[PDB]
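These protein sequences, in sequence, are chains s, c, J, b and n.
Just so we're aligned, residue 228 is where the first sequence starts under the authors' numbering, counting upward by one.
Just so we're aligned, residue 43 is where the second sequence starts under the authors' numbering, counting upward by one.
Just so we're aligned, residue 1 is where the third sequence starts under the authors' numbering, counting upward by one.
Just so we're aligned, residue 29 is where the fourth sequence starts under the authors' numbering, counting upward by one.
Just so we're aligned, residue 38 is where the fifth sequence starts under the authors' numbering, counting upward by one.
Using N, Cα and C, we set each Cβ at its ideal position, and we do this for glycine too.
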Amino acid sequence: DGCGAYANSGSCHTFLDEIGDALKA
Amino acid sequence: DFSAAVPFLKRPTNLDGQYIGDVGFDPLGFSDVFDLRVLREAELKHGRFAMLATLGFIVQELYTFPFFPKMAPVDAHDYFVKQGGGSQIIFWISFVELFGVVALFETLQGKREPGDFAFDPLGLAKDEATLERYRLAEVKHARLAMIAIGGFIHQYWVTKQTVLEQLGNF
Amino acid sequence: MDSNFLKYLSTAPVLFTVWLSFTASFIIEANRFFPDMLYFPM
Amino acid sequence: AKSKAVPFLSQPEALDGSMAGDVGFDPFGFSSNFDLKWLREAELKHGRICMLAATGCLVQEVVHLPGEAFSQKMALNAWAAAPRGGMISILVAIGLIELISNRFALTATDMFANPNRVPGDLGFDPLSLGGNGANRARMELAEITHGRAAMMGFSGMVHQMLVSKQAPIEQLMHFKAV
Amino acid sequence: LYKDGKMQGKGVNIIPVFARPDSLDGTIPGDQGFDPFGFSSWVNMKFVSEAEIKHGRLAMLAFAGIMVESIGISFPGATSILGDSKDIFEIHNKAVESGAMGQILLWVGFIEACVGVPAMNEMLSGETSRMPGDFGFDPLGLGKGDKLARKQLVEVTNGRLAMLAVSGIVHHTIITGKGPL
Ligand code: CLA
Ligand code: CLA
Ligand code: CLA
Ligand code: CLA
Ligand code: CLA
Ligand code: KC2
Ligand SMILES: CC1=C(C#C/C(C)=C/C=C/C(C)=C/C=C/C=C(C)/C=C/C=C(\C)C#CC2=C(C)C[C@@H](O)CC2(C)C)C(C)(C)C[C@H](O)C1
Ligand SMILES: CC1=C(C#C/C(C)=C/C=C/C(C)=C/C=C/C=C(C)/C=C/C=C(C)/C=C/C2=C(C)CCCC2(C)C)C(C)(C)C[C@H](O)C1
């Protein structure tokens, strides 16, 4: 979908972003 | 002749000292009717559960994962019933317990010790004597933690406080 | 598994009861998830 | 005397390291009650189907056949959206491949009747890539390891598609916790 | 010099509170009697030795890159796209988004897959008598007979120190928000 693996701001929430938000809460 | 721990009780005939931590304490004669391998497997499983439970009661109130809400462990049981994590933990414990059933069947044939799961990846027992010592330490800590987990949960049930806040005042 | 206990489990009444309960559980779950099958659907 | 994979259990009988992937892992004693040839043939068949199935579950998202009926990125939608006569043809062709490839010996009483019939050796080598002797054992080990990994992966993808209603790659890109 | 019995070999223990295991042969460079958890008893020593050496060399290159990119040395034109800041994490993210680190990943993975995987597999299988970390790379000709040690031991020790240094520097950058030096 034209986004990256990590550090995406928009309509792209990857598994790595979910992991990172799970640690950063 | 007599039991080493209770000097006025006779030594139980099946408690001959083959299992580390034996002080001849069995006044009800549970070892006289039931297989001692099964009893030692049950003792060690209950004790390891209690050790992990007591360590969880200390740490799980010292620290809590950011991806979970904060609550007491007794209320955490009821919460994780409904969220679904407790079902996952029960499922994985059951999955390991199937091979525990197989290990117990191997124990009943005398081909496996009642506490040997052959789990030593950090190699902490090098020779025999340290392993004998660590068996005595494990059995004593098992019995101690079996008492201590019931203490922790029943004290929460009466005071509605976790251990470390009861330590600070009364 | 004790071989004598397995041989007892292999007896006709035990296996009969287990197999008929297993078959009944198939029919019960099939009628629970796909009820009212009077016909083969076209 | 002890199993290498499971060190607290004794080594399962008839397992002696001869077959590929043999680490003595049979805690339930399946090889003590059933023959190893049928178990190996079944394991290879489940693993090969899961290799093709995992590759399909990954490829169908990126690449489709032309047409509306083949445009479902999620494989469980592609099961239903594909034309029915084609899938019945697939079923019949799989049946014929089973029928001739096992040489009319299809059951637990007649497959391996020929002593030359080897578990997982259907005689299938279209490009003859197995014409090298010292590669052979490593090749069977790699095949069974790919099959086992594919079985676990395909199980995980199907049930995660059931949970998430999303095709696998975009489920990894558009992840929503339960 | 190899200094067997002073720096390496049998009988040398740099942390004597954990006794030297019998499993260590003393042939491997960097064997200074430190295996408290007894991993050498059951792992394959060649594989973990090559893994230690490769992790160490990666950490050396990481330390050199981190220090030259946090101090301020840059290639011509490299500041513009990758940001005129000095923070290594944001440098990673900007160079990923530019596409540079994908290109680095592609070529490092191509190098890893093409000769690294066969070297490790043939080294473990016993087909070449190749030593761990031996990729036959000596362009300038600096070790010929001094290869026994004063090259191997100093490389593995600097590798381990680089591992610790890079870990420390990264977690300081995390806690402080400012790169080293
Ligand atoms: C690899 C095997 C595996 C897999 C695939 C799963 C899959 C799942 N588990 Mg699970 N689990 C497993 C093994 C596994 N479990 C084991 C062995 C245990 C211990 C007995 C548990 C205990 C467990 C609990 C207690 C809970 C789950 C939950 C879940 C669900 C999470 C849904 C979601 O959005 O996740 C999103 C997942 C991520 C974004 C990944 C985050 C990973 C974090 C950051 C790791 C943190 C470190 C962790 C604590 C280390 C544990 C080590 C320990 C195993 C020794 C999912 C069905 C949860 C659930 O059912 O609710 C939906 C839940 O509450 N699991
Ligand atoms: C302190 C209690 C204790 C002790 C003394 C032992 C002792 C023993 N266990 Mg045992 N065990 C315990 C608890 C304990 N166990 C628990 C709770 C479990 C369940 C997980 C097990 C599960 C288990 C299995 C499955 C097996 C053993 C085996 C053994 C024997 C091998 C020697 C060894 O490695 O142990 C030495 C152990 C130690 C020195 C303990 C080190 C603890 C360090 C300090 C870490 C503490 C945890 C840390 C604080 C948590 C970090 C979290 C952070 C937030 C702080 C020995 C008799 C094996 C056996 O009998 O075969 C030979 C075997 O197969 N144990
Ligand atoms: C387990 C195997 C398996 C199954 C059941 C399916 C099932 C399906 N695929 Mg599929 N696929 C698979 C593997 C599989 N795939 C693999 C491995 C690939 C990568 C090459 C693909 C690539 C693929 C594409 C590109 C498309 C599908 C599509 C479809 C759907 C419509 C049927 C069709 O047109 O087939 C098409 C099948 C192919 C193009 C290739 C099939 C090749 C298989 C694996 C045969 C090879 C082995 C064969 C049995 C010979 C071995 C014999 C030996 C054992 C003796 C259907 C749900 C279509 C769809 O609905 O899109 C979502 C579509 O457009 N598939
Ligand atoms: C007996 C001969 C025969 C006949 C007369 C037909 C006739 C038909 N088939 Mg059919 N089919 C056959 C054999 C036959 N098939 C066999 C042996 C298979 C393998 C199981 C299929 C699989 C199949 C599928 C999956 C589909 C059809 C469809 C169709 C219809 C439209 C085909 C068309 O115009 O597309 C012509 C287009 C092409 C030839 C392009 C195909 C691209 C390549 C071949 C994809 C690669 C797949 C790969 C080779 C699979 C390997 C597996 C195999 C070795 C087992 C038509 C009625 C389609 C349908 O019903 O649509 C309405 C449909 O979805 N068939
Ligand atoms: C401390 C550094 C160091 C040392 C002493 C060695 C030593 C050795 N390596 Mg090795 N290596 C290193 C780092 C090092 N390596 C790194 C980082 C990599 C990854 C690129 C490699 C990759 C590598 C391969 C692929 C091979 C070797 C081989 C060898 C052996 C023979 C070659 C030789 O004598 O090179 C020693 C020569 C030097 C160290 C040259 C000096 C270069 C200077 C120090 C660069 C300084 C740049 C800069 C100023 C750094 C500081 C930045 C800071 C100020 C910010 C020998 C055991 C070969 C062998 O046979 O292995 C057994 C072999 O095949 N190494
Ligand atoms: C990821 C793990 C990790 C590793 C492997 C690792 C290794 C090394 C090495 C070895 C080559 C050196 C030379 C070194 C350097 C220093 N580290 Mg460092 N370090 C790690 C992480 C932390 C954390 C969490 C802290 C910390 C600190 C310091 C301090 C400051 C004073 C002190 O020791 O208190 C100095 C000088 C503490 C601090 O105050 O940081 C400012 C602190 O809290 N480090 N560190
Ligand atoms: C025999 C040979 C033949 C050859 C042949 C055949 C065609 C060989 C080619 C084979 C293919 C089919 C092998 C497929 C492997 C699939 C698995 C490993 C992918 C697993 C991913 C899993 C583990 C993971 C997963 C994960 C899941 C769990 C969660 C997800 O969120 C993410 C993810 C997806 C990452 C030829 C034709 C050459 C002829 C020759 O003469 C003889
Ligand atoms: C129900 C429930 C839950 C629960 C729960 C749980 C986990 C309950 C656990 C209860 C436990 C572990 C109780 C233990 C009691 C121990 C006693 C009385 C020991 C006595 C020892 C003596 C007399 C020793 C005597 C002796 C002494 C002094 C020394 C010499 C020897 C001896 C003579 C033996 C939750 C939390 C999951 C929530 C859920 O929603 C509801």
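For this session: Between the Cα of residue 188(n) and those of 66(n), 46(n), 125(n), 138(n), spot the shortest distance and give me the residue it belongs to.
Result: Each of 66(n), 46(n), 125(n), 138(n) was checked against the Cα of residue 188(n), and the nearest Cα belongs to 66(n).
Exercise. If we call anything under 8 angstroms between Cβ atoms a contact, is residue 83(n) one with residue 200(n)?
Worked result: no
For this session: Would you list the residues sitting across from residue 30(b) in a DSSP beta bridge?
Result: According to the DSSP secondary-structure assignment, residue 30(b) is paired through a beta bridge with 38(b).
For this session: Show which residues of chain n have a CB atom less than 9 angstroms away from the CB atom of residue 164(c).
Result: 73, 74, 75, 76
For this session: Between the Cα of residue 97(b) and those of 161(b), 115(b), 51(b), spot the shortest distance and give me the residue it belongs to.
Result: Checked all of 161(b), 115(b), 51(b); the closest Cα to residue 97(b) is 115(b).
Problem set entry | residue 144(c) CB to nearest heavy atom of ligand 2 below 7 angstroms | no
For this session: Would you mind giving the Cβ-Cβ distance between residue 69(n) and residue 90(n), rounded to the nearest angstrom? I have them listed as a contact below 8 angstroms.
Result: Between residue 90(n) and residue 69(n) the Cβ distance is about 15 angstroms, and since that is not below 8 angstroms, they are no contact.
For this session: Determine whether the Cβ of residue 108(c) lies closer than 8 angstroms to any Cβ atom of chain s.
Result: yes
Exercise. In chain n, which residues lie with their C-beta within 8 angstroms of the C-beta of residue 231(s)?
Worked result: 133, 134
For this session: Would you check whether ligand 4 has a heavy atom nearer than 7 angstroms to the C-beta of residue 117(b)?
Result: yes
Exercise. Residue 33(J) by DSSP, collapsed to three states: which one?
Worked result: helix
For this session: Output yes if chain s places a C-beta closer than 8 angstroms to the C-beta of residue 205(b); else output no.
Result: yes
Exercise. Under 7 angstroms Cβ-Cβ, which residues of chain s neighbour residue 130(n)?
Worked result: 234
Problem set entry | Heavy atom of ligand 1 within 7 angstroms of residue 186(b) beta-carbon | no
For this session: Would you check whether ligand 6 has a heavy atom nearer than 7 angstroms to the C-beta of residue 209(n)?
Result: Yes, since a heavy atom of ligand 6 falls inside the 7 angstroms radius drawn around the Cβ of residue 209(n).
Problem set entry | alpha helix (DSSP H) runs wholly inside the region 101 to 166 of chain c, at least 4 long, in chain order | 115 to 125, 127 to 150
Exercise. Quick check: the region 162 to 175 of chain b against the region 67 to 74 of chain b, are there 3 or more CB pairs under 8 angstroms?
Worked result: In this structure the region 162 to 175 of chain b touches the region 67 to 74 of chain b; the number of beta carbon pairs closer than 8 angstroms is three or more.
Exercise. Name the chain c residues that come within less than 7 angstroms of residue 36(b), Cβ to Cβ?
Worked result: 145, 154, 158, 159, 160
Problem set entry | According to DSSP, residues forming a beta bridge with residue 240(s) | According to DSSP, which records beta bridges pairwise, residue 240(s) is partnered with 202(b).
For this session: Starting from residue 55(b), find everything on chain c with Cβ-Cβ shorter than 7 angstroms and list it in chain order.
Result: 141, 144
Exercise. Using 8 angstroms as the Cβ pair cut-off and three pairs as the minimum, do the region 88 to 96 of chain c and the region 180 to 200 of chain c touch?
Worked result: yes
Exercise. Counting Cβ pairs, one atom from each stretch, are 3 or more of them under 8 angstroms apart for the region 130 to 137 of chain c and the region 33 to 46 of chain b?
Worked result: no
For this session: In the DSSP assignment, find the unbroken alpha helix (DSSP H) run with residue 154(n) in it and report its ends.
Result: 154 to 162
Problem set entry | Residues in the region 143 to 168 of chain b having any Cβ partner in chain s nearer than 8 angstroms | none
For this session: Check residue 183(n) in the structure and name its three-state DSSP category.
Result: The three-state secondary structure of residue 183(n), taken from DSSP, is coil.
Exercise. Three-state secondary structure (DSSP) at residue 60(c)?
Worked result: coil
Problem set entry | Every unbroken alpha helix (DSSP H) within the region 95 to 151 of chain b, with a cutoff of 4 residues, ordered by chain | Within the region 95 to 151 of chain b, the alpha helix (DSSP H) runs of at least 4 residues that lie entirely inside it are, in chain order, 103 to 109, 112 to 129.
Exercise. So which of 180(c), 52(c), 154(c), 195(c) has the shortest CA-CA distance to residue 35(b)?
Worked result: Of the candidates 180(c), 52(c), 154(c), 195(c), the one whose C-alpha sits nearest the C-alpha of residue 35(b) is 154(c).
For this session: For residue 112(c), collect the residues of the same chain with a Cβ closer than 6 angstroms to its Cβ; drop the 5 residues on either side in sequence, then sort them by chain order.
Result: 106
Exercise. So does residue 191(c) have its beta carbon nearer than 7 angstroms to some heavy atom of ligand 8?
Worked result: Yes, since a heavy atom of ligand 8 falls inside the 7 angstroms radius drawn around the Cβ of residue 191(c).
For this session: Given a cut-off of 8 angstroms, decide if residue 77(n) and residue 53(n) are closer than it, judged by their beta-carbon atoms.
Result: no
For this session: Check residue 44(c) in the structure and name its three-state DSSP category.
Result: Under the three-state reduction of DSSP, residue 44(c) is assigned to strand.
Problem set entry | DSSP state of residue 248(s) mapped onto helix, strand, coil | helix
Problem set entry | beta-carbon residue 55(b) near ligand 7 non-hydrogen atom, thresh 7 angstroms | no
Exercise. Can you name the residues of chain s whose CB is closer than 7 angstroms to the CB of residue 200(b)?
Worked result: 241, 242
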